[PDB]
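J.: Provided herewith is a single structure, encoded as structure tokens, for subsequent inquiry.
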Amino acid sequence: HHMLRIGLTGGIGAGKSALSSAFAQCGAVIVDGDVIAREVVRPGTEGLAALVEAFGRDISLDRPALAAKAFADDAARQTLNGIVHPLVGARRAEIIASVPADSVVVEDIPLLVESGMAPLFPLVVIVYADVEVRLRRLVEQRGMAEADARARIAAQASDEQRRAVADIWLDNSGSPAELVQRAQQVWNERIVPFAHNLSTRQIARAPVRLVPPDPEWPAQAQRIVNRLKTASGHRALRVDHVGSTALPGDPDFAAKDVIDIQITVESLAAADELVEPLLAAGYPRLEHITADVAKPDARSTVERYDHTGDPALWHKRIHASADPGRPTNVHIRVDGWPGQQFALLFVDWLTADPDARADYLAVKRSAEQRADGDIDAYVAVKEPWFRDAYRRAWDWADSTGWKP
């Protein structure tokens with residue numbers, strides 16, 4: 001299938017199921033693995049009868065009695081999984097085949113954070129709530145003893161680990177009506193245009209306005225880097241945060257609010273193999289951009305591409321995010337070619353040279369002032385500066401023995 005998929009999680013008592021229902025009220029398709037697992041073992045089902053054969057009539061299902069045999073034999077766990085997991089997979093596939101093709105699929109995965117599964121998704125929503133609220137809800141609305149609730153809460157991931165992998169960090173400390181409203185806000189303002197953009201292979205562009213550095217750019221970029229590594233499979237030799245948002249945070253600096261990433265591949269054929277998995281991960285291709293602006297006397301730390309005059313070595317591919325909440329450029333460049341080397345060098349050079357950073361900032365401010373919202377005019381005003389910046393960066397690289 002080719003639908004937008006959203007991972008959803010949160011700690012016990014935070015409102016995972018309530019938020020899932022709120023998204024369902026917006027028309028999302030809910031895939032809940034625990035629900036489906038309990039469904040495939042219901043009375044009269046093939047799955048329940050299969051487990052009776054494998055374990056006897058000691059177990060409707062006596063779930064504690066089954067986990068006791070699965071805690072001890074260690075091969076009983078394998079038998080159990082071989083029975084249950086294919087049935088869950090079949091049911092999930094059926095669900096996905098039975099819904100409209102334009103659907104958004106929300107997958108409730110309670111151990112998403114603990115097992116490092118966030119990079120599997122183009123977008124992850126995590127709900128949280130004040131610990132006192134979660135406690136009140138578990139004790140007074142689910143019956144748990146207080147110390148039991150606190151222990152169960154402590155045994156899961158921290159809110160800090162959750163926050164690190166949440167694209168959308170959603171506070172459910174308030175009323176149920178407030179949660180429904182917040183979920184619909186995220187639906188209308190982010191999920192609907194994300195899905196529509198993906199379906200029409202459109203990208204979400206950021207404004208031309210410079211902003212002060214965002215302290216959250218490193219965490220956002222790590223989520224993106226991980227997602228793209230997973231999507232690229234064997235084809236990404238390396239994946240790197242580049243461009244102005246990759247510089248060390250300096251409040252006196254400024255940049256356009258778009259995150260640039262470079263995927264290094266071994267050839268343009270491999271780049272072309274990335275179209276479908278990058279689209280599934282949230283990044284349509286810009287079909288008519290196939291090169292950077294060439295510079296003469298092109299440079300590389302890889303000898304066979306250094307001091308070359310072949311224009312073909314400036315070719316590339318470029319994708320961008322369809323998610324209007326996180327504009328992102330994804331440049332796909334060939335290992336050792338001049339554009340691939342320069343994207344990495346530019347970050348290291350500007351990190352080491354404050355005067356060059358100041359020069360670049362002044363150029364950007366002039367471009368913003370003269371462009372007055374027009375992206376093309378902004379690009380045109382900036383572009384001549386990159387010729388001298390290219391020469392200076394490579395002078396610095398030669399002097400310091402820079403290697404990527």
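Simple scheme: letters A, B, ... for chains in structure tokens order, numbers from 1 for residues in each chain, numbers from 1 for ligands in the order shown.
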Extract the full set of strand (DSSP E or B) residues from range 106-195 of chain A according to DSSP on the backbone, and format it as a list in words.

T.: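 Result set for range 106-195 of chain A (strand (DSSP E or B)): residues 106, 107, 108, 124, 125, 126, 127, 128, 168, 169, 170 and 171 of chain A.
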
J.: I need the residues in range 36-265 of chain A that are alpha helix (DSSP H) according to DSSP; give them as a ChimeraX atom specification.

T.: /A:36-39,46-55,63-72,76-98,131-142,146-154,159-165,176-186,192-199,217-232

J.: Which residues are near range 262-277 of chain A? Cut-off 7 Å, only C-alpha atoms, ignore same chain within fewer than 5 positions. Put them as number ranges by chain.

T.: A: 231-232, 235-242, 285, 317, 330-335, 340

J.: Using C-alpha atoms, can you write the selected residues to a file as a PDB file, in the first residue's frame?

T.:
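Listed below is the output, result_18.pdb:
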```
ATOM      1  CA  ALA A 231      14.393   4.172   4.248  1.00  0.00           C
ATOM      2  CA  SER A 232      17.560   3.952   2.140  1.00  0.00           C
ATOM      3  CA  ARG A 235      22.039   2.480  -0.598  1.00  0.00           C
ATOM      4  CA  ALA A 236      23.022   5.241   1.872  1.00  0.00           C
ATOM      5  CA  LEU A 237      26.777   5.151   2.334  1.00  0.00           C
ATOM      6  CA  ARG A 238      26.313   7.999   4.835  1.00  0.00           C
ATOM      7  CA  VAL A 239      23.629  10.519   5.771  1.00  0.00           C
ATOM      8  CA  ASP A 240      24.495  13.953   7.125  1.00  0.00           C
ATOM      9  CA  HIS A 241      22.893  17.133   8.447  1.00  0.00           C
ATOM     10  CA  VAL A 242      24.311  19.943   6.280  1.00  0.00           C
ATOM     11  CA  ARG A 285      11.245  14.014  -5.547  1.00  0.00           C
ATOM     12  CA  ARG A 317      18.865  14.220  -7.162  1.00  0.00           C
ATOM     13  CA  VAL A 330      17.156  15.886   0.959  1.00  0.00           C
ATOM     14  CA  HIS A 331      20.066  16.114  -1.492  1.00  0.00           C
ATOM     15  CA  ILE A 332      21.255  12.806  -2.975  1.00  0.00           C
ATOM     16  CA  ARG A 333      24.858  13.065  -4.162  1.00  0.00           C
ATOM     17  CA  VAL A 334      27.488  10.602  -5.375  1.00  0.00           C
ATOM     18  CA  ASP A 335      30.412   9.566  -3.114  1.00  0.00           C
ATOM     19  CA  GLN A 340      28.969  15.693  -2.239  1.00  0.00           C
TER      20      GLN A 340
END
```

J.: Using only C-alpha atoms, can you tell me which of A:368, A:32, A:306, A:257 comes closest to residue 107 in chain A?

T.: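 Of all the options, A:32 lies closest to residue 107 in chain A.
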
J.: Between CA of residue 179 in chain A and CA of residue 110 in chain A, what is the spacing in Å?

T.: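 Atom-to-atom, CA of residue 110 in chain A to CA of residue 179 in chain A, that is 19.0 Å.
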
J.: Grab the CA of residue 13 in chain A to CA of residue 169 in chain A distance for me, in Å with one decimal place.

T.: 15.6 Å

J.: For residue 253 in chain A, please output as a list in words all residues within 8 Å (counting only C-alpha atoms; exclusion window: fewer than 4 positions along the same chain).

T.: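 So, after excluding close chain neighbours, the residues are residues 212, 213, 249, 358 and 361 of chain A.
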
J.: Do a neighbour search on range 28-30 of chain A at 6 Å with only C-alpha atoms, toss out local chain neighbours closer than 5 positions, and write the hits as a PyMOL selection string.

T.: chain A and resi 23+104-106

J.: For the residues in that selection, give me N, CA, C and O atoms as a PDB file, in the first residue's frame.

T.:
```
ATOM      1  N   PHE A  23      -8.220  10.850  16.677  1.00  0.00           N
ATOM      2  CA  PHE A  23      -7.820  10.807  15.269  1.00  0.00           C
ATOM      3  C   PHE A  23      -8.823  10.003  14.443  1.00  0.00           C
ATOM      4  O   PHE A  23      -9.147  10.383  13.311  1.00  0.00           O
ATOM      5  N   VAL A 104      -5.245   7.740   5.916  1.00  0.00           N
ATOM      6  CA  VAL A 104      -4.059   7.848   6.760  1.00  0.00           C
ATOM      7  C   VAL A 104      -4.145   6.754   7.816  1.00  0.00           C
ATOM      8  O   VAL A 104      -5.189   6.592   8.461  1.00  0.00           O
ATOM      9  N   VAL A 105      -3.060   6.001   8.000  1.00  0.00           N
ATOM     10  CA  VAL A 105      -3.039   4.872   8.930  1.00  0.00           C
ATOM     11  C   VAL A 105      -2.310   5.316  10.189  1.00  0.00           C
ATOM     12  O   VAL A 105      -1.145   5.720  10.126  1.00  0.00           O
ATOM     13  N   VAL A 106      -2.978   5.233  11.333  1.00  0.00           N
ATOM     14  CA  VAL A 106      -2.356   5.534  12.617  1.00  0.00           C
ATOM     15  C   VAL A 106      -2.105   4.220  13.347  1.00  0.00           C
ATOM     16  O   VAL A 106      -3.052   3.484  13.656  1.00  0.00           O
TER      17      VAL A 106
END
```

J.: So the first atom is CA of residue 341 in chain A and the second is CA of residue 260 in chain A; what is the distance between them in Å, to one decimal place?

T.: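 One can read the CA of residue 341 in chain A to CA of residue 260 in chain A distance as 14.7 Å.
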
J.: Just checking: using only C-alpha atoms, which residue out of A:364, A:256, A:223, A:387 ends up closest to residue 298 in chain A?

T.: A:387

J.: Which of these, A:325, A:151, A:133, A:305, has the shortest distance to residue 220 in chain A once you count only C-alpha atoms?

T.: A:325

J.: My list of candidates is A:38, A:288, A:77, A:315. Which is closest to residue 63 in chain A when distances are computed with only C-alpha atoms?

T.: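 Residue with the minimum atom-to-atom distance to residue 63 in chain A: A:38.
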
J.: Choose the residue, out of A:313, A:85, A:19, A:140, that has the smallest atom-to-atom separation from residue 184 in chain A; count only C-alpha atoms.

T.: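 Of A:313, A:85, A:19, A:140, the one nearest residue 184 in chain A is A:19, counting only C-alpha atoms.
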
J.: Give me, as a PyMOL selection string, all polymer residues having an atom no more than 7 Å from residue 8 in chain A, counting only C-alpha atoms and skipping those fewer than 2 positions away in the same chain.

T.: chain A and resi 6+106-109+124-126

J.: Which of these residues is nearest to residue 349 in chain A, using only C-alpha atoms: A:233, A:311, A:373, A:404?

T.: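 Going through A:233, A:311, A:373, A:404 one by one, the smallest distance to residue 349 in chain A is for A:404.
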